[PDB]
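Notes follow once the structure below has been shown.
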Amino acid sequence: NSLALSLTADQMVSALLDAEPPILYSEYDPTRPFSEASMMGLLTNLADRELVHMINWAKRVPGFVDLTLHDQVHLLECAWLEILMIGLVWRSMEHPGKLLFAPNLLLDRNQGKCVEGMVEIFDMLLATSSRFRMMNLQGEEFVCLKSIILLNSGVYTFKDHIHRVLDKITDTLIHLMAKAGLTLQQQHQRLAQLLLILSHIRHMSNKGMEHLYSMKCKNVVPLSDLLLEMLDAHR
Amino acid sequence: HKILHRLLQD
Ligand SMILES: CCn1nc2c(C(F)(F)F)cccc2c1-c1ccc(O)cc1O
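Pasting the structure below:
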């Protein structure tokens, strides 16, 4: 029996909160990137170091440790980019029109233009960020969404355990909304709005994955073995 | 033998 299902809503929240990975910095070089090499280099470098934290974060997500190593591997390989992206969007909320990859790295669509097929993804990321902002997404909600992506994205490509743990997180989201004074109707409407954004997050992940693949074939920007293997799992 | 296999252990 998994411990996750025995946790209370409040016991689910401060665990996800406490499990949060830190906000990493990019190179301290003050040169605004415009080339693909410089931009993607900074992005992949940051992604590399974030992946290490994401891995130790996932292990802190209730119910995740109760999975087989193989399942844990499959879920991370499937959701890693979705997880990186939703984190990017969350950090970018307070910076309209900007993408805060790192406190010392904010990019706009003008810099995405200098990389074919990148601007479209930026616009999608910016739109998602904007959406998060207008909904006044709360940190407690964000952490719940991120965990849902981890357990959901690869749940099929494989049982009740994950479904039960996902239900548990659903209870926690409603809990947060009720605790925030939302009406019963406002609760299920916001729940729906939040979950529907995951569809768009998945979309951006799949588009980003394709772009990262072609980039791998051009073999200009160096990719870490970890990124390659994570990226590899998507074929 | 994935790097991910190793990192998930430690
Ligand atoms: C390297 C991961 N990555 N890839 C991104 C792309 C892609 F795939 F099209 F190249 C577009 C936008 C962001 C991308 C990221 C990424 C996302 C979040 C983050 O914190 C770091 C990143 O490199």
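Taken in sequence, the protein lines are chains A and C.
Note that the first sequence covers residues 304 to 461, 472 to 548 in the authors' numbering.
Okay, so the second sequence: first residue is 687 according to the authors' numbering, each after it adds one.
We treat Cβ as the ideally placed atom computed from N, Cα and C, and that holds for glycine.
Taking only heavy atoms of ligand 1 into account, decide whether any of them is closer than 8 Å to the Cβ of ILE358(A). For ligand 1, not one heavy atom lies less than 8 Å from the Cβ of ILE358(A).
Pick from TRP360(A), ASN413(A), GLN500(A) that is closest to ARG335(A), judged by C-alpha positions: Closest in alpha carbon position to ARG335(A), among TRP360(A), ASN413(A), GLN500(A), is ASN413(A).
Interface flag, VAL376(A) vs chain C, CB-CB below 9 Å: At a cut-off of 9 Å between beta-carbon atoms, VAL376(A) makes contact with chain C.
Exposed or buried, what is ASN519(A) when buried is set at 16 or more other beta-carbons lying within 10 Å of its beta-carbon? exposed
Residues that DSSP places opposite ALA307(A) in a beta bridge: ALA307(A) pairs with nothing; no bridge assigned.
Taking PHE404(A) as part of the beta strand (DSSP E), name the residues at either end of that continuous run. 402 to 405
Along chain C, which residues have their Cβ under 7 Å away from the Cβ of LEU536(A)? None at all; the shortest Cβ gap to chain C is about 13 Å.
Alpha carbons only, please: which of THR311(A), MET343(A), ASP538(A) is nearest the one belonging to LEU408(A)? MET343(A)
Given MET490(A), which residues of its chain have a CB within under 6 Å of its CB, disregarding the five upstream and five downstream residues? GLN500, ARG503
Take residue 469(A) as the anchor and find which of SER329(A), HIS524(A), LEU354(A), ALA361(A) has the nearest alpha-carbon. Chain A lacks the residues between 461 and 472, and residue 469(A) is one of those with no coordinates.
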